[PDB]
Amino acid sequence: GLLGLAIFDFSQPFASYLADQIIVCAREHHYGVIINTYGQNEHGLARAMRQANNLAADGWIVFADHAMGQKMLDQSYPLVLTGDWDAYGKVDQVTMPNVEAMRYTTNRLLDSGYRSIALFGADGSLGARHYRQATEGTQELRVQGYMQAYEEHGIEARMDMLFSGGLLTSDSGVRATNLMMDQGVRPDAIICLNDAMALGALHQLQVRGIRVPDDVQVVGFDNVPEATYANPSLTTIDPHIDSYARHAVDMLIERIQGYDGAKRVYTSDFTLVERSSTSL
């Protein structure tokens, strides 16, 4: 048996980590894995879904990174969606506990006395209503959870405390740090929407004279291997990538083998893994 994985590119550590876990899980089922990337083409994801028709894999896991209209997920091969975008029940999908993990973690920071929390990885200019009402999106749902924690504490979350470097990379984490510091903002804590951004932020904060955690608490999201070896080691939301991969692979193989139940949504659990970049 042969499974396909479609991802944008390998530029950030999470793609490597997810792919490796899918490969391990797939091997437990005696399936191989081939990887197609789609970030190198305009309308790239659609082209990869078409290319899958002529590849050898028996079915596909697709990690989407943007919204799709309620057609692309209508394919003739077995297909499981991963990522934070809605499949509208066209296929099984696996996702992370984006709202809950961010609400929990922002609440922990607030309850530990860190009242001013910047968020790296989202555009505040999209407005509070967009985030409050969102039903899909990586950035959107993670912001939503952060906003809910503020609301639970009787405080309005401020769009001016969201900083975006553009993409979700270490270089964007550096850019978001500069944007925030250049605006004179010196917060109690920063939550980054992935570990790549947090690793960039740890670097640029230290370069510009800010001590972590003594001046600013820093939290990431994913618990990629890199987070263990950072200096200081990185506190991060672990969305249980082992279980996430296991569900994606089990669901896809079930469909390849004829499983015909209604399409499902699985949401992984999470753990806040505390390391040296916070002092909660």
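Residue numbers here begin at 1 and follow the sequence given.
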{"query": "Extent of unmodelled deposited sequence, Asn41 relative to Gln40", "finding": "none"}
{"query": "Selected stretch [higher average CA B-factor]: 197 to 205 or 148 to 156", "finding": "148 to 156"}
{"query": "Average Cα temperature factor in the PDB entry - higher stretch of 163 to 171, 188 to 196", "finding": "163 to 171"}
{"query": "Top residue by Cα temperature factor, when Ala52, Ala227, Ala245, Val62 are compared in the entry", "finding": "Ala52"}
{"query": "Of the residues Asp86, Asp123, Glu100, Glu140, the one carrying the largest Cα B-factor as recorded", "finding": "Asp86"}
{"query": "Chain thirds of CA B-factor: placement of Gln217", "finding": "middle"}
{"query": "Lowest, middle or highest third - CA B-factor, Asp250", "finding": "middle"}
{"query": "Third of the chain, ranked by Cα B-factor, where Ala19 sits", "finding": "middle"}
{"query": "Third of chain Cα B-factors occupied by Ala262", "finding": "highest"}
{"query": "Record-listed C-alpha B factor of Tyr104: chain third", "finding": "lowest"}
